[PDB]
Amino acid sequence: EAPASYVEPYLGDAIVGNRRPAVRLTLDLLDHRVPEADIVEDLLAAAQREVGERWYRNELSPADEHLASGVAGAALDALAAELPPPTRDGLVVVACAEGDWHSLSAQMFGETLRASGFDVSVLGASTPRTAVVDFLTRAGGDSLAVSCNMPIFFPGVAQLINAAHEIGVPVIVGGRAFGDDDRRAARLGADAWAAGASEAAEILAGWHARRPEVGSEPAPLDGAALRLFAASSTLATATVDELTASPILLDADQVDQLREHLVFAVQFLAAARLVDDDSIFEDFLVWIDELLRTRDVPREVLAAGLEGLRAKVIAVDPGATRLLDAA
Amino acid sequence: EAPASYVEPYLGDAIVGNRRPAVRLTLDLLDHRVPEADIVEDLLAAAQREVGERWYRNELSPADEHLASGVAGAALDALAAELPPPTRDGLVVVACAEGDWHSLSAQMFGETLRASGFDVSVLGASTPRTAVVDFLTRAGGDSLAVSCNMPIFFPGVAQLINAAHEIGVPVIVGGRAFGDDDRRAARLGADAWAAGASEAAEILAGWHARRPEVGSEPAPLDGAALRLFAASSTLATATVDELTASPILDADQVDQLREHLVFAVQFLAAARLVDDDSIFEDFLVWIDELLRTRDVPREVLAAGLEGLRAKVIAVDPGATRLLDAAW
Ligand code: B12
Ligand code: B12
Ligand SMILES: C[C@H]1O[C@@H](n2cnc3c(N)ncnc32)[C@H](O)[C@@H]1O
Ligand SMILES: C[C@H]1O[C@@H](n2cnc3c(N)ncnc32)[C@H](O)[C@@H]1O
């Protein structure tokens, strides 16, 4: 009867898109007086993480996950239909980072907030920066919460924080890209960071009660790190052109997968540099290496790919040299 | 009253993210014995299109639409929780086209089918080709329904049809990209085409009962049209490099223009692929009026198209006449 112990039966149904028994479990816990926050964190988010890990281990496909993610959204919808109305005044706007389509991160977070009596509008997946600030303005938002699932979205989170400051609004950030403490968040000028709803509820309720001062001076970022971000396309696509004159010829699917991986590589590298945390790049190499290992595609390809990136990457950002000379 | 007459009050709530009253309308109609299909088509789909048009007229932002789209998803979820189990055997797999993220087209369609007693798995937004086919295989899907909201996704729908054929599975297609008849669909090798669920229900129920022959011959397509598809990024990004030596732009504007030019080459390529000029002509009309309501001078796009000319015809000389048609 702990939410955690229901992950397996939930997944059994969720992975094949069998919504009804899986949302029934969700609602049975709720009716047995389990706090919603726990249901969301310990069952739904935990299940979704396991889906992601199975995909990652090449034990599931995107088709399975798509179904699992729909069931998760249906569970959140069911839960939301049980909620009493907001007890707190002051609208919190929850947004995925621009470029980020993990709507469910924003939605799970925002729903946990709702369950603490917050008035919450979840934009979910990627919205233009200027459209988010304009929404804050029109909807009289107290606070912006930005949910970021990969560190490759950081440049835009920084820009978004800046735009929000220009209109007086404070930004809390979170989700897995920001790690287990506030160092990455602080490096981008976020007014706050938290790991989950419990803490964010304190910060947000505090921003409602006492609307804090916000810089309006943009947080300093390494320009070379940003130029390396901007160039990720060019470097990847140009790396893949050479290589296929012809040191590995690769079908149209394989060339696109490689190209896509190398764009990601340069973006993790740029992100590591931007917020001065080497582990972002090192964790990516570990991550991708094992992604490919379960998929029986020789890693001479990616090695060759990284090899190719070397000369052009350092031409843009020489400070990335040292990051590359571990791998 | 009729579902159609509730569009305006539905939107009033949906566009500001006020889920509960808007989902309640959908459930009130259902309690008043209104068929689900009608609710979905006449209220939900109708509202979502009007959201689209307000966005298009620059009267709404993507932030407001994201709210409206969440409400629509929650409405479908509520309605789905009222359905009895399937009365029909034989699994229909509903997928957005690869590259297409309009999950709600697939979901609205699939849900109308469910309401006719079909067993349905909605993959929704973009899934890799080989993951869709592997799902069909593992789940023993009778039929694939592909939902396509832009004609720039056609090459991959063709590939997908081909993969489905290799495993003996028939494909119906639909969604707004396929127009008012079956000509575009047929040109890509689809085994059938329909406007909505009512017709597709007849075709699908017929495929369950009498399992049809499927061509293990790929539908013929012009390679130059495909090479022009493949090159869209290169041509756009390279067109925008020239033009900014310097005929006129901030980092936002350069990216918007670049993105519009990738679209231009893809609508052009799509028009060529299925031999329907109107795909490209409709796009020019569409984009021209998109920008007009946004007060961004159309000298820029003109100049952009102008720039594409030399490279585009170098790849596909058969596009020349389509380009000179315009201005
Ligand atoms: C489903 C899923 C997707 C779905 C999302 C669908 C949807 N509607 O959301 C789709 C299909 C879009 C997808 C696409 C991709 N994703 Co994905 N996928 C996931 C999965 C399984 C997450 C789904 C989810 O439900 N998240 C919601 C829950 C589980 O998140 P949470 O972190 O528990 O949220 C809590 C806390 O973070 C906190 N919190 C969250 N936000 C905020 C905000 C604030 C302010 C605060 C205080 C707190 C807070 O509170 C929440 C309380 O519940 C994960 C697995 C994972 N996250 O471990 C990946 C994962 C994030 N995806 C991944 C990848 C790689 C991809 C793709 C690049 C794959 C590809 N296409 O080739 C794309 C990128 C798309 C993009 N640009 O955003 C990787 C990232 C790996 C890495 N960084 O090295 C992951 C980790 C999977 C993996 N490898 O294990 N993905
Ligand atoms: C909401 C929305 C989005 C959302 C969708 C979120 C979601 N689905 O969860 C998001 C934000 C993802 C989005 C993004 C974009 N979209 Co959009 N947006 C829409 C909108 C408003 C979709 C509304 C929706 O709910 N669709 C479901 C309903 C309304 O669809 P329906 O067509 O009635 O479906 C029925 C029939 O077609 C049929 N049917 C449907 N599928 C199938 C399949 C089969 C097999 C059969 C037999 C029948 C069938 O039965 C259905 C049920 O009755 C439309 C507006 C519109 N459709 O006119 C655009 C629209 C499709 N989007 C558009 C654009 C431009 C974009 C973006 C390019 C914006 C951008 N990046 O700049 C991107 C493209 C993303 C991509 N696909 O890769 C344009 C396309 C323009 C064009 N020239 O083709 C539209 C038309 C808006 C407009 N009026 O300009 N979009
Ligand atoms: C992180 C999640 O993204 C999904 N995923 C991985 N690659 C793609 C893709 N090309 N398109 C759509 N979804 C994808 C998987 O289901 C994984 O679990
Ligand atoms: C076609 C639909 O897509 C949304 N839309 C338009 N541009 C973007 C973008 N850059 N990011 C996300 N959504 C967008 C609008 O809400 C519109 O209605």
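The sequence lines fix the lettering, A, B, ..., with proteins before strands; numbering per chain opens at 1. For the numbers below, each heavy atom of this structure counts, side chains included, while hydrogens, waters and symmetry mates do not.
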> Roughly how far, to the nearest 0.5 Å, is OG1 of A/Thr26 from CZ of A/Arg19?
13.0 Å
> Assess the residue pair A/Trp207 and A/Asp191 against the criterion (side chain to side chain contact (heavy atoms under 4.5 Å, CB included)); give the C-alpha distance rounded to whole Å, side-chain angles, the decisive distance to 0.1 Å, and a yes or no.
CA-CA 10 Å; A/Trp207 288 352; A/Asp191 299 279; 3.8 Å; yes
> Any side-chain heavy atom of B/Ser126 within less than 4.5 Å of one from B/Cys96?
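Result no, sub-4.5 Å side-chain heavy-atom pair not found.
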> Inspect the contact between B/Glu53 and B/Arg49 and indicate whether a charged nitrogen and a carboxylate oxygen are less than 4.0 angstrom apart.
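Not counted as a salt bridge, because no side-chain N and carboxylate O are separated by less than 4.0 Å.
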> Out of curiosity, A/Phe135 CZ to A/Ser121 OG, how far, rounded to the nearest 0.5 Å?
4.5 Å
> Using every non-hydrogen atom in the two residues, find where A/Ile161 and A/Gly189 come nearest and quote the distance to one decimal.
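Result for this residue pair: CG2-O, 3.4 Å.
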> If you measure from CG on A/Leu29 to CZ on A/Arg24, what distance do you get to the nearest 0.5 Å?
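Those atoms lie 10.0 Å apart.
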> Is atom CD of B/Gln253 surrounded by more than 12 heavy atoms (other residues, nucleotides or ligands) closer than 6.0 Å?
yes
> Measuring from A/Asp283:CG to A/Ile288:CD1, what's the distance to the nearest 0.5 Å?
13.5 Å
> Any sub-3.5 Å donor-acceptor pair from A/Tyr56's side-chain atoms to A/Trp287's backbone N or O?
yes
> Taking it one step at a time, do A/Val132 and A/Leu144 satisfy side chain to side chain contact (heavy atoms under 4.5 Å, CB included)?
CA-CA 9 Å; A/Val132 176; A/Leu144 183 67; 3.9 Å; yes
> Working note: B/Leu83 + B/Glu111, criterion side chain to side chain contact (heavy atoms under 4.5 Å, CB included); need CA distance, chi angles, decisive distance, verdict.
CA-CA 10 Å; B/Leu83 287 173; B/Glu111 191 59 21; 3.0 Å; yes
> Quick one: CG on B/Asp31 to CD on B/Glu82, what's the gap to the nearest 0.5 Å?
7.0 Å
> Should A/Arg138 and B/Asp64 count as an ion pair when the cut-off is N to O under 4.0 Å?
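Salt bridge between A/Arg138 and B/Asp64, a charged N being under 4.0 Å from a carboxylate O: yes.
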> Flag the pair B/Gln107 / B/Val94 as yes when at least one side-chain heavy-atom distance between them is below 4.5 Å, and no otherwise.
no
> Heavy-atom distance under 4.5 Å between the side chains of A/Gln48 and A/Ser69, does that happen here?
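A/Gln48 vs A/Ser69: side chains touch.
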> Between A/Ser61 (side chain only) and A/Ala63 (backbone N and O only), is there a donor and an acceptor less than 3.5 Å apart?
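At least one qualifying donor-acceptor pair exists.
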> Whether the side chain of B/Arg57 engages the backbone of B/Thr293 through a donor-acceptor N/O pair (distance < 3.5 Å, no angle test) should be reported.
no
> Keeping the roles fixed (side chain from A/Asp100, backbone from A/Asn149), state whether a donor-acceptor pair exists under 3.5 Å.
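A pair under 3.5 Å: yes.
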> Checking the side chain of A/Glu98 only, and the main-chain atoms of A/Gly156 only, is there a donor and an acceptor separated by less than 3.5 Å?
no
> Which of parallel (below 30°), tilted (30 to 60°) and perpendicular (above 60°) describes A/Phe284 and A/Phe268?
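Answer is parallel, since the angle falls under 30°.
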> I'd like to know if A/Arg129 pairs up with B/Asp252 as an ion pair, taking the criterion as any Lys NZ or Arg NE/NH1/NH2 lying under 4.0 Å from an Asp or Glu carboxylate oxygen.
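Yes, charged N to carboxylate O under 4.0 Å.
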> Are the side chains of B/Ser147 and B/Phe109 in contact, using a 4.5 Å heavy-atom criterion?
no
> Which atoms form the tightest heavy-atom contact between A/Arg20 and B/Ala81, and what is the distance?
NH2-O, 2.9 Å
> Salt bridge or not for A/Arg88 and A/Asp119, using N-O below 4.0 Å?
no
> Could you tell me whether B/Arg294 sits above the aromatic face of B/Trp55, with NZ or CZ closer than 6.0 angstrom to the six-membered ring centre and within 45 degrees of the axis?
yes
> Quick check for you: to the nearest 0.5 Å, what is the distance between A/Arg183 atom CZ and A/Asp276 atom CG?
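Nearest 0.5 Å value for the CZ-CG distance: 9.5 Å.
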> Strictly distance-based, threshold 3.5 Å: is any side-chain N or O of A/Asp42 a donor or acceptor partner for the main-chain N or O of A/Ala4?
no
> With distance as the sole test, does B/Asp13 use its side chain to make a donor-acceptor pair with the main-chain N or O of B/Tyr10 at under 3.5 Å?
no
> For a side chain to side chain contact (heavy atoms under 4.5 Å, CB included) check, start with the C-alpha distance between A/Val40 and A/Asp38, then their side-chain angles and the critical distance, and finish with the verdict.
CA-CA 5 Å; A/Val40 173; A/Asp38 298 357; over 6 Å; no
> To check you understand the geometry: which heavy-atom pair defines the closest contact between A/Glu36 and A/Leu30, and what is its length?
CB-CD1, 4.3 Å
> Evaluate whether atom CD of B/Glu59 has more than 12 neighbouring non-hydrogen atoms of other residues, nucleotides or ligands under 6.0 angstrom away.
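Enclosed: over 12 neighbouring heavy atoms sit under 6.0 Å from CD of B/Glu59.
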> Do A/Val173 and A/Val157 touch side chain to side chain, with heavy atoms closer than 4.5 Å?
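In contact.
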> Does the A/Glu199 side chain pair with the main chain of A/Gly196, one donor and one acceptor, at a distance under 3.5 Å?
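Yes; judged by distance alone, with no hydrogens or angles, the pair exists.
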> Answer yes or no: is there a donor N or O on one side and an acceptor on the other, between the side chain of A/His66 and the main chain of B/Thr127, under 3.5 Å?
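Side chain of A/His66 to backbone of B/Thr127: no pair is present.
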> A/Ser103 side chain to A/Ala125 main-chain N or O, any donor-acceptor pair under 3.5 Å?
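Side chain of A/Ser103 to backbone of A/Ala125: a pair is present.
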> A side-chain contact here means heavy atoms from C-beta on lying under 4.5 Å apart; do A/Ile15 and A/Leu60 qualify?
yes
> What closest approach, in Å, do B/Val23 and B/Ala74 show between heavy atoms, and which atom pair accounts for it?
CG2-C, 3.8 Å
> Compare every heavy atom of A/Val7 with every heavy atom of A/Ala46, then report the nearest pair and how far apart it is.
CB-CG2, 4.3 Å
> Is the terminal nitrogen or CZ of A/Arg184 (NZ for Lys, CZ for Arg) located under 6.0 angstrom from the six-membered ring centre of A/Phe178 and within 45° of that ring's axis?
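No, A/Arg184 and A/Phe178 do not form such a contact.
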> So which atom in A/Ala192 and which in A/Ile203 form the shortest heavy-atom distance, rounded to 0.1 Å?
CB-CG2, 3.8 Å
